[PDB]
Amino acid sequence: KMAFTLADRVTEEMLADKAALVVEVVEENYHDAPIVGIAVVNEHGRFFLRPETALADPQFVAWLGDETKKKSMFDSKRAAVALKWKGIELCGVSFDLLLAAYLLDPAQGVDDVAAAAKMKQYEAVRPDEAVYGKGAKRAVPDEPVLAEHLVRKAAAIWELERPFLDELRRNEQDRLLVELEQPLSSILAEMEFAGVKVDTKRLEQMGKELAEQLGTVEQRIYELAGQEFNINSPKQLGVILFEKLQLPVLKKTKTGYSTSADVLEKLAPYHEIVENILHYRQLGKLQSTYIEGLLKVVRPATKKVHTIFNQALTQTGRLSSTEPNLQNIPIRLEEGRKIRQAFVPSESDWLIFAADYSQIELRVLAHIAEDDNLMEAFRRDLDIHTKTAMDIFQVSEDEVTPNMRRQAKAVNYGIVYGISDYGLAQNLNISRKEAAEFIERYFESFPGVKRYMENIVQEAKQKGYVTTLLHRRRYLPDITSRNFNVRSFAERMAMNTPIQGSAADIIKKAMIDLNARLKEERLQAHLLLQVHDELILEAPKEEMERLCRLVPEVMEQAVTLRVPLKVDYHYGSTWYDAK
């Protein structure tokens, strides 16, 4: 029902200077994954190519790598990385339908061509799940069915580029697609393919030491409980704490007793078993998520882990990191931080270099709210978390402990993003009236932030959405809901999304500028990871001194705000030593 050539060899009319291209990788993790078929739609017609012929054809490989042969695609990073694993470079991607749909409305959750096409009343393509199936029944269909599906996706990309670009233009997002998200997609492809080297000997040794510490703590828990149980059984654990030992019940879940760490910490005066349960959970989290989980995904021959940065998933424009998630590697507790000693440079005599924005969301807030006092604080390069810690605990600067500062950091973000006196009192273990008076004093120091937060909620009600500094958009239909709780969540999204999303925009532009600068200086240094407000690179030891001046400057100059941007940086022999 759609005409196409099931081609046996590559022809010159397949290599036009503008085409929709489909390079199909069905496996969810596309690293080293098979390419199961290729489709090309252009002015001369529609073509399906088998990969084992197309990707060994030197003219087709040449066409893929030619920047001047422009390709429209959906999820071009998936294609670029799968091709890198075949030794083939993809260049010239000038339109990515996945990123275009994500920019127009992140809430759509668009994850295949059919879902994007449905945004523009295009329905002549099937969902990928309808073609490949679900779960244990998932499979590549017979060639004619596959070929028609890939050609139909290519034809959809071909037809949808103009209406998508037109809507992007009306939203002031066309440069956001073409100058920011699409260039970043190629950089992420390089980072994912490069991978991060892991010291598996060290991780395995930690895993063994962890397993015996686990056993010890576990016996102590059974000892303190007077019996044995499944410490991870909510029913049994709840039964132990709140029925056998008769500890107060401070919180319930939909299903029974809460045993979250904040509850257990509040029960510490009542019984020393809860501190052991906490320690046990923390150890088991390291063991199962970061020891076993990381060893499971390491490529054995290179000792590299290859994350996938999801660029079209979060509602604020942040990236996420999957399989493994390299944006939530422990750092907070010393036992957990040592996991980072296992993350090492990929060559000998190279080092890890890490640079991060200091308080970028609060600096962005000061700029957007034009709050006189908050702008002055950052113009003085004040550490607002220490200053808040001094006010909370009524101490002087040198008397601000690391834990006090971490607490004040959650007070700072909490208050500007709408925490209530109740939530603040519960976090600081102060009276609710004290917490409310503190919040009042906080907005007396920062009335521009208060005004901005009231204004942005009203702007979302009027427009139906909020935007970031680089014109990312989030629709907030619930902000006019009649249910108070549904409305309130939407109001806090209107307060938070433009700030968190603008900080996401800035670091993305910084990455693009950084790569252009590394290329211009002819450095071997390259990005490995982004962790929201941090960039992690590796480079020859002999490049570190140049990177100490280059990277912070690139990051600080990514945008110009009414307050300066501030970058801290470290380097060392492992990721551990680079912070």
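Numbering starts at 1 and runs along the sequence shown.
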| property | result |
| --- | --- |
| Of 440-448 and 273-281, the one with larger mean CA B-factor | 273-281 |
| Per the entry, higher mean C-alpha B factor between 388-396 and 501-509 | 388-396 |
| Given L264, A115, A80, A156, the residue at which the Cα B factor reaches its maximum | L264 |
| Residue, from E209, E491, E361, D174, that the PDB entry assigns the highest Cα B-factor | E209 |
| Entry-reported Cα temperature factor of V10, expressed as the chain third it lands in | highest |
| Modelled-residue ranking by C-alpha temperature factor, third containing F242 | highest |
| Third assignment of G109 from its chain's C-alpha B-factors | highest |
| Ranked against its chain, the third holding the CA B-factor of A147 | middle |
| Ranked against its chain, the third holding the CA B-factor of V198 | middle |
